[PDB]
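In: Let's see this in three dimensions:
(6 chains)
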6 protein chains.
Amino acid sequence: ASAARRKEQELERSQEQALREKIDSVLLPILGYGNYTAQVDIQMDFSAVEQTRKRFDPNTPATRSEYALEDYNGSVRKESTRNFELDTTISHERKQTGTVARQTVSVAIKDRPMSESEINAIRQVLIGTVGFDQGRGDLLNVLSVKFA
Amino acid sequence: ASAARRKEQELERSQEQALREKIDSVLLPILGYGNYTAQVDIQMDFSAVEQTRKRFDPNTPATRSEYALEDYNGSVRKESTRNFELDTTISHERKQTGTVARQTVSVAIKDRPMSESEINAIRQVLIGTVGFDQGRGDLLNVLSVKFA
Amino acid sequence: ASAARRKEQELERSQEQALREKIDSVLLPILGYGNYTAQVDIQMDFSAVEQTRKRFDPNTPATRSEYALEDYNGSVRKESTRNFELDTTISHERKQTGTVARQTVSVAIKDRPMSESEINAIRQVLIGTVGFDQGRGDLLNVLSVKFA
Amino acid sequence: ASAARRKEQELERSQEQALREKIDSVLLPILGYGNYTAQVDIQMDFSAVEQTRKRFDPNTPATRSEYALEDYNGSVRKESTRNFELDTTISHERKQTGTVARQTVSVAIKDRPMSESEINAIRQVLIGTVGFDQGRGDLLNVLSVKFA
Amino acid sequence: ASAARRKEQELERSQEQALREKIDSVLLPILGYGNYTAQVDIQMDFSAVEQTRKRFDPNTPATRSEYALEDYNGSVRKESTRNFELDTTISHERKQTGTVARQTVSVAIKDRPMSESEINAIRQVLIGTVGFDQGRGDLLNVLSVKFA
Amino acid sequence: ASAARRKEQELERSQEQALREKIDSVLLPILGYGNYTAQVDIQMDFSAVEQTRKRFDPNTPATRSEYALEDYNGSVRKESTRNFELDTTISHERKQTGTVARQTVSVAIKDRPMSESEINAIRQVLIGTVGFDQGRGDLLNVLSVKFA
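Out: Numbers count the residues shown, from 1 in each chain, chains lettered A, B, ... in the order given. Right below this line is the structure:
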C-alpha cells in the first residue's frame, strides 16, 4: 500500500505542476518573463467514503387500509387502526477517492511596486485561472515584492 | 513490517525534500543565491482508521402503522400504538494511511537586517508556497539572522 | 525477534542521523564550520496498539415504536413503552508501530560568547528545522560554551 | 533461550557503545582529547507485556428501550424498566520487548578544576546529547576530578 | 539441564568481566596503572515468572439494564435490580529469565592515603560507570588501602 | 541420575574455584605472593521448586449485578443479593535448579600481626569481591595467623 501512497504523492505533485503551468500561461504575457514568481500547494484527500441514505416523506402519507369504529351511548368510544404508505428514496453514493480538499496559491510580482487596482485585477484573473473556491478553504495571496 | 516503517521514513523525507524544493523555487529569485537558509519538518501519521457511522433523523418521523383507542364514560382511557420510519444514513469511511499531521517550516534570511514589512511579505508568499494550515498545528518561522 | 529489536535500534539511529544532517544543513551557513556542535536523541515507541471504539449519541434518539396507555377515573394510570434508535459510530484504528515518543536536541555554540537575542533566533530556526513539539515532551537546549 | 539472553546482553552493550560514541562526538571538540572520561550504563527490560483494556463511559448512556408504569389512587406505584447502550472502547496493546528501563551516565573532567557554570553548561549539553529522562529514573553525574 | 546451569554461570562471569572492563576504562586514566584494584560480583536470577492480571475499576460502573419498582400505600416497598459493566484490563506479562538481582562492586586504591573528597568523587563516577542501584540491593565499597 | 549428582559436585567445585580466583586477583597486589591463604566453601541447592499463586484483592470489589428489596409496614424486611468481580493475579514461577544457598569464605594473613583497621579494610574489599550476603547465611572470616 505504500506504493499506492507514493503514487498519491505523484498525483498531488502533478496537479500542482498543471496549476503552475496554467498560472504561467496566464501571467507570462501579462507581466513578462522573470517579473513574477508563483507556487501552488494542493492537498488531496484519499478517503473511501461510501454512503447509503434511506429517506422518507412524513408529510404526504397515503392510507392503504383503514378501520374506524365509533360508537356512542354518555359513553363515546373511538377506535381506529390505520396503515400508511410513504415516499421512499434509497440513494447509494460512492465518492471519488482523491479530491482536492484545499488549494493554496501565492504569486509575488517584482517591483519596478504595483498599484492596488492592478493587483486586484491580477487576482481577478487568477480567480478563474485556478478555479478559486473560498468555500473549500482555498487561499490566494498576491503580493508585490522586491526581487534581488 | 520494519521494512514498511523504513519506507514510511522515506516517504516523510521525500515530502520534506519536495517542500524544500518549492521553497527554493520561490525564494531563489526573490532573495538570491546564498542569502537564505530554510529547513522543513514533516510529521506524517500512518494509522489505519476505518469508521462506520449510522445516523438517524429524530425530528422527521413518518408514521407507518397507527392504532388509537379513545373511550369516555368520568373515565377517560386513551390507548395508542404507533410505528415509525426514520431517515437512515449509513456511511463507511476508510481514511488514507499516511497523512501530514503537522508541518514545521523555518526560514532564516541573511542580514545586510530586513524590515518587518518585507519579512511579513515573505511570510505571506510562503503561506501558499507551502500550504500553511494553522488549524492542523503547522508552524512557520521567518527570521532575519547574521550569516557568518 | 531480537533481530527485529536490532533493526528498531537501526531505525532510531537513522532518524537521529537524519536530524543531525538537517541541523548541519541549517547551522553550517549561519555559524560556520567547527563553530558549533550538536547531538540528537530520539526515543521511539514500537508498541502494537489496536483500538475499537463504539460510540453512541444519547441526546438525539429517534423513536421507532411507541405504546402509551393513559386512563383516568381519582385513579390515574400512565403506562408507556418506547423503543429507540441511536446514532452509532464504530471506528477501528490501528496505530503505526514505531512513533517518535520523545525527541531531545542540544546545540553548543563556540564562544568568541553569543548574545541572548541571537541565541533565541537560533532556537527559533531550530524550532521548525527539527519540528520541535513541546506537547510531546521534546526538549531543545541551545548553549554558548567555550571550545578548547 | 540462553542464546537469546546472550544476544540481549549484546544489545545492551551495543546501546552503551552508541551512547558513548555520541558523548565523545559532543565532548571531544568542547573539552579536547584526553581531558575527559565517561562511561554509560544502560539497563534494558525484556518482558513480554500484552494488555487488553475494555473501557466504558458511565456518564453518557443512551436509552435503547424503556418501560415506565406510573399509577395512582394514596397508593403511588412507580414501576420502571430501562435498557442502555454505552460507549465501548476495546484496546489491545503489545509492548516492545527490549526497552531502556534506566540509564546512568557519568562524566569526569580533568582538572587544570572547572567552574560550576561550565559544569552545568556541560550537563545541559549532555541533557539532549544522551536524552536524559529523570522520570524514567535516569541519572547523570558530571564531576571535575584530578587525572593522574 | 546442568549444561544450561553451566551456561548460566558463564553468563554471570561474562557480565562480571564486562563490568570490570568498564571499571578499568574509567579508573585507568584517573588513577593510573597499578594504583587500584577492583572486583565485581554479579548475582543473576534465572526464574521463569509468568503472570496474568485481571483488574477492574470499582468506582466507575456503567449501568447496562435497570429495573426499579417503588410503590407506597404506611407501606413502602422499594425493589430494585441493576446490571453493571466495568472497566476490564487483562495484562499477561512474561519476565525475562536472567536478571541481575544484586550487584556488588569493591574498589581499593593504593595509598601514597586519599582524601575523603576524592574518594567520594571516585564513588560518584563509579555510580553511573556501573549503574549503581541501591533499591535493587546493590553495594559499592571504595577504600584506600596500602598495597604491598 | 548419579551422573547428574557428579556434575552438580563439579558445578559446586567450579564455583569455588572461580571465587578463589577472584580472591587471588584482589589480594595478590594488596598483600603479595605467599603472604595470605584463603579457601571458599559454596553450598548449592538443586531442588526443583515450581510454584503457582492465585491472589485476589478483597478491598476493591466491583459489583457486577445487584438486587435490593426493602419494604416496610413495624415490619422492616431488607433482602439483598450481590455479585462481585475481583482483581485476579495468577503467577506461575519456576525457580532455577542450582542456587547458592550458603557461602563461606575464610582468609588468613601471614603475620609480620596486622592492625584491626587494615583487617577491617580487607574485609570491606572482600565484601564486594565475593558478593557477601549475610541475609543468605554467608560467613566471612578474616584472621591474622602465624605462617610456619
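In: For chain A, which segments count as helices?
Out: For chain A, the helices defined by DSSP state H cover A:2-31, A:116-129.
In: Can you say which of those is nearest to chain B?
Out: helix A:2-31 (4.8 Å; CB to the nearest CB). From N, CA and C alone the C-beta is placed, and that goes for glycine too.
In: Can you tell me the closest non-neighbouring residue to the residue in chain A that chain E sits nearest to?
Out: Across chain A, the shortest distance to chain E (CB to the nearest CB) belongs to residue A:54, at 29.4 Å. The shortest distance from residue A:54 to any non-neighbouring residue, by CB to CB, 6 or more residues apart in numbering or on different chains, is to residue B:88 (4.5 Å).
In: burial of the residue in chain A that chain D sits nearest to, as a residue count?
Out: Here chain A gets closest to chain D at one residue, residue A:54, 20.5 Å apart by CB to the nearest CB. When neighbours are counted by other CB atoms under 10 Å in any protein chain shown, residue A:54 registers 15.
In: One more: the one 10 residues further on?
Out: When neighbours are counted by other CB under 10 Å, residue A:64 registers 11.
In: Show me which residues of chain A are close to chain C?
Out: Nowhere does chain A come near chain C, counting by CB under 8 Å from any CB of the partner chain.
In: Which parts of chain A are strands?
Out: A:36-45, A:50-56, A:62-72, A:76-85, A:88-94, A:99-110, A:139-145 (DSSP state E).
In: on that earlier part again, Provide a list of residues in contact with the residue of chain A closest to chain D.
Out: A:88-90, B:87-89 (CB atoms under 8 Å, 6 or more residues apart in numbering or on different chains).
In: ok, how many other residues are close to the residue nearest to residue A:54?
Out: 17.
In: Would you check that it makes contact with residue B:60?
Out: No - look at residue B:88 against residue B:60 with CB atoms under 8 Å: they stay out of range, at 11.7 Å.
In: re the thing from before, which two of the contacts of residue A:54 have the greatest separation?
Out: A:88 and B:89 (14.3 Å; CB to CB).
In: Can you tell me which residues in chain A are near chain F?
Out: Counting by CB under 8 Å from any CB, no residue of chain A is near chain F.
In: still on that earlier bit, just list whatever residues bridge to the residue of chain A closest to chain E.
Out: residue A:90, residue B:88 (DSSP bridges).
In: Next: residue A:36.
Out: residue A:109.
In: cool, and residue A:140?
Out: Under the criterion used here (DSSP bridges), residue A:140 is bridged to residue A:105.
In: Now do the contacts for it.
Out: A:104-106, A:123, A:126-127, A:130, A:132, B:128.
In: Return the distance of it relative to chain C.
Out: 25 Å (CB to the nearest CB, to the nearest Å).
In: swap in residue A:128?
Out: Plainly put, residue A:128 is 35 Å away from chain C if you go by CB to the nearest CB.
In: count of neighbours near that residue?
Out: Neighbour number of residue A:128 under other CB under 10 Å is 9.
In: Would you mind measuring from it to chain F?
Out: For residue A:128 relative to chain F (CB to the nearest CB), the value is 65 Å.
In: okay if I get the strands of chain A as a markdown table plus distance to residue D:25?
Out: Formatted as a markdown table, the strands of chain A follow (distance: least, CB to CB, whole Å):
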| stretch | distance to residue D:25 |
| --- | --- |
| strand A:36-45 | 38 |
| strand A:50-56 | 53 |
| strand A:62-72 | 83 |
| strand A:76-85 | 81 |
| strand A:88-94 | 55 |
| strand A:99-110 | 40 |
| strand A:139-145 | 42 |
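In: Which one of those lies nearest to residue E:76?
Out: Closest of those to residue E:76 is strand A:76-85, at 37.8 Å (criterion: CB to CB).
In: ok, that closest one: who's next to it in the sheet?
Out: strand A:62-72 (antiparallel), strand B:62-72 (antiparallel).
In: Deepest-packed of these, please.
Out: Highest mean neighbour count among those (mean count of other CB atoms under 10 Å in any protein chain shown): strand B:62-72, with a mean of 17.
In: Dump stretch A:52-71 to CSV, keeping only the CA atoms.
Out: This file holds the C-alpha atoms of stretch A:52-71, laid out as CSV (Å, rounded to 0.1, in the frame of the first residue of the first chain):
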residue,chain,number,x,y,z
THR,A,52,-26.3,4.8,1.8
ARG,A,53,-29.3,7.1,2.6
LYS,A,54,-32.9,6.0,3.1
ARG,A,55,-35.2,9.0,3.3
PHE,A,56,-39.0,9.2,3.8
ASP,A,57,-41.6,11.9,3.4
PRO,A,58,-43.5,12.3,6.6
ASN,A,59,-45.9,15.0,5.4
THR,A,60,-47.5,13.1,2.5
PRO,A,61,-48.7,9.7,3.7
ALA,A,62,-51.1,7.5,1.7
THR,A,63,-53.6,5.4,3.6
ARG,A,64,-53.5,1.7,2.4
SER,A,65,-56.0,0.1,4.7
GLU,A,66,-58.2,1.7,7.4
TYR,A,67,-60.5,0.6,10.2
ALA,A,68,-62.7,3.1,12.2
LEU,A,69,-65.1,2.1,15.0
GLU,A,70,-67.1,5.0,16.5
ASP,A,71,-70.0,4.1,18.9
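In: Run the chain-centre distance for it.
Out: 38 Å (CA atoms, centre = their mean, to the nearest Å).
In: Ok, stretch A:61-72 next?
Out: With CA atoms, centre = their mean as the basis, the mean position of stretch A:61-72 lies at 49 Å from the chain mean.
In: Likewise for stretch A:132-142?
Out: The answer for stretch A:132-142 is 11 Å, by CA atoms, centre = their mean.
In: Buried residues in it, which are they?
Out: Neighbour-count burial for stretch A:132-142, counted by 16 or more other CB atoms under 10 Å in any protein chain shown, picks out A:132, A:138-142.
In: Ok, stretch A:34-46 next?
Out: Result for stretch A:34-46 [16+ other CB under 10 Å]: buried residues A:35-46.
In: what's the answer for stretch A:4-13, then?
Out: A:5, A:8-9, A:12.
In: Of those residues, which are in range of chain B?
Out: Answer for the buried residues of stretch A:4-13 near chain B (CB under 8 Å from any CB): A:5, A:8-9.
In: now, which of the residues you listed sits nearest residue A:72?
Out: Nearest member of these to residue A:72, counting by CB to CB, is residue A:8, at 74.9 Å.
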